[PDB]
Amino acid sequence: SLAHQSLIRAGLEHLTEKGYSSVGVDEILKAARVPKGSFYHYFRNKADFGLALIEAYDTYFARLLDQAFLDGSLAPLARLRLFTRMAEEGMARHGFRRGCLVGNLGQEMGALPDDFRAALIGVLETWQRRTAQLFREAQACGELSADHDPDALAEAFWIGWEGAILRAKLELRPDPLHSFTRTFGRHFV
């Protein structure tokens, strides 16, 4: 019933907090409280579980961006600030111990299976396209000046935001999120 969901849940908690290299199937089963036979009913092996976890994180995180980026009661820049504020509230729930599954996996790329590279890049690119669209909308109402490139700016936002999450999880506090967003915010009029 809840065998599959408990495995996904256990996987997302362990990979946002530690990363893939640190965690084996046995840790996962203890945390999920699910028999080994259920693990192998859903996934062929650890690498295949890893990919399922990437995909599940992408589906969840898309709903988070829906909530912020599609809130038409908010001017476009205020949507970006709602996003970073909500992302920080989510981190504060577990005292900043848990970061981004994608940034964690991204940093370990050298020890991951090759399949992972294109799946991680696809997810980062989906987010950048969405942020670029938000930034074009900020230009249309003069929140961001015409001499900026929305795509370049979207790529820089995600580069720095993952860097901010790395630092917040290292320091176990929100201050790096605030530094990043306060300085990046100066690209706007």
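Residue numbers here begin at 1 and follow the sequence given.
Mean CA temperature factor is higher for 44-52 when stretches 160-168 and 44-52 are set side by side in the entry. Comparing 134-142 with 22-30, the stretch with the higher mean C-alpha B-factor in the PDB entry is 22-30. Among all modelled residues in its chain, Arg93 ranks in the middle third by Cα B-factor. When all modelled residues of the chain are sorted by CA temperature factor, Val123 is found within the middle third. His14: CA B factor lies in the highest third for its chain, per the PDB record. In this PDB entry, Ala111 carries a Cα temperature factor that places it within the highest third of its chain's modelled residues. When the modelled residues of the chain are ordered by their C-alpha B factor, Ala152 lands in the highest third.
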